[PDB]
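Only one chain is given next, in structure tokens, and it is the form deposited in one PDB entry.
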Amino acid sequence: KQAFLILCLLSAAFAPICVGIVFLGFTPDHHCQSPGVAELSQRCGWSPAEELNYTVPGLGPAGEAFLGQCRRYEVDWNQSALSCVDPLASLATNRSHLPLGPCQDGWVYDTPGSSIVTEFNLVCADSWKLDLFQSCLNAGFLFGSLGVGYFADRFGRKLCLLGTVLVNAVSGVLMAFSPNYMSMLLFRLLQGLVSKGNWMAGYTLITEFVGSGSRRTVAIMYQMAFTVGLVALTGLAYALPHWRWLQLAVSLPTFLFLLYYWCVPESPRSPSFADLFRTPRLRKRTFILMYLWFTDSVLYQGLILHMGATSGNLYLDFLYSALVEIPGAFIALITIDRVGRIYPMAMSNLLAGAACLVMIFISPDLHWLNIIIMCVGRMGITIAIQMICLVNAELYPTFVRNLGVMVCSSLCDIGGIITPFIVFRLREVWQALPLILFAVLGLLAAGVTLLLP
């Protein structure tokens, strides 16, 4: 067999594109850059933990990290009258009376590597642009979920697949060379236009190469290829501390695999949209399936982004959480053939919602319990997604199955568009608000799931 390994490699290469923002876009601690502070520190011998205390504005009640991240004291540090023990005491009687200003002179990031945030200065006022990086990719997924069918209708299937692979590889390689943010967003959108199209085309091909009597195992293996790709992305991210190097090391393997994938012997081998709603039972099924797809995509992406934004040891937490899918995949494989798909999916959704709810009250120092809860939630959502990827095949007849899959999977992309703004922006108002929303969505999805036959 040759198609199996190469198609699993193709599926594994989709993971760094989808969840790569966790390592390409990490946000280190930062503060306003102020000239003259370096020379004063050299004169006074200030350690980094001492300079970060003397100059950068301190934390207020309940944290309030904004005053240090986006503001600075407008004081002429060049004056020699400043005391080496404490320069702020010679300025004014009260520290709160000193003038305040934005980071006009730049930023200082406490990290040896770099990311898009550290290079394009997507912090404070510009910090809302980081969500746009994922939103553009999800918009590309949404557009490719509808344009790829027409493209493959007007063009040869294998040639269209080859063209999409080539375009994806070229776009991924080109992104690492972007000189500014707008061009990078253009390449991100172009890559997202073809990434999900390639994934679905590979799914269809791998389900065609094996008869309908064994599609489950094939689909589960294709899914676990994504977990293998996540593990490889974690390894590469640990090895390479800069985002351009990681982008090259991610995109290049696909292009080189294209050089080896010229031709293989097994390669060359109307329903109406209104029909889904004219009948009450099918309308109910379509509504429930759309809601479940949206909720599961929101929960999965939100959990990964929250882990990326809040975990204190990102590499090990990502490595642990990624490995839990494989036991989840095996659990799903055992469960489907024995006790059906409805109850297991409902229980997985309930477990995910409960895990989201419990995680709110955990103190920050209990990292060993927080990671266990995160792993449980990830296993729950993984099992739920595995179940829902197979239930759709039964409720829809072959006459309208492909249209139903295309329609239902389109809401996942809208959820992907909405999700970054929920995770990143609502966290400003209250750190527990995204967790509350995720818990509510998970519990509601668990409740509604019982209605499916």
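One-based numbering along the sequence shown. In this text, the rigid core denotes the largest set of C-alpha atoms whose superposition between the two forms falls within 1.5 Å.
Residue 119, present in the displayed chain, carries coordinates in each of the other PDB entries compared that cover both sides of it, far from a third leaving it out. For residue 263, the fraction of other compared entries lacking coordinates, among those that model flanking residues, reaches at least a third. According to the record, the deposited sequence contains 10 or more residues between residue 269 and residue 270 that were left without coordinates.
Here the subject shifts to the form deposited in another entry, a form of this protein not shown in this document.
After superposition on the rigid core, the C-alpha displacement between the shown form and the other one reaches 2 Å or more for just one residue among 242, 71, 284, 129, namely 284. Core-aligned CA deviation for residue 343 between the shown form and the other one: 2 Å or greater.
For residue 333, the Cα coordinates differ by 2 angstroms or more between the shown form and the other one after the core has been superposed. The Cα shift for residue 153 between the shown form and the other one, taken after rigid core superposition, is 2 angstroms or larger. Whereas the shown form places them at one spacing, the Cα atoms of residue 342 and residue 203 lie at least 3 Å farther apart in that other deposited form. Shown here is a form in which the CA atoms of residue 46 and residue 241 lie at least 3 Å closer together than they do in that other deposited form.
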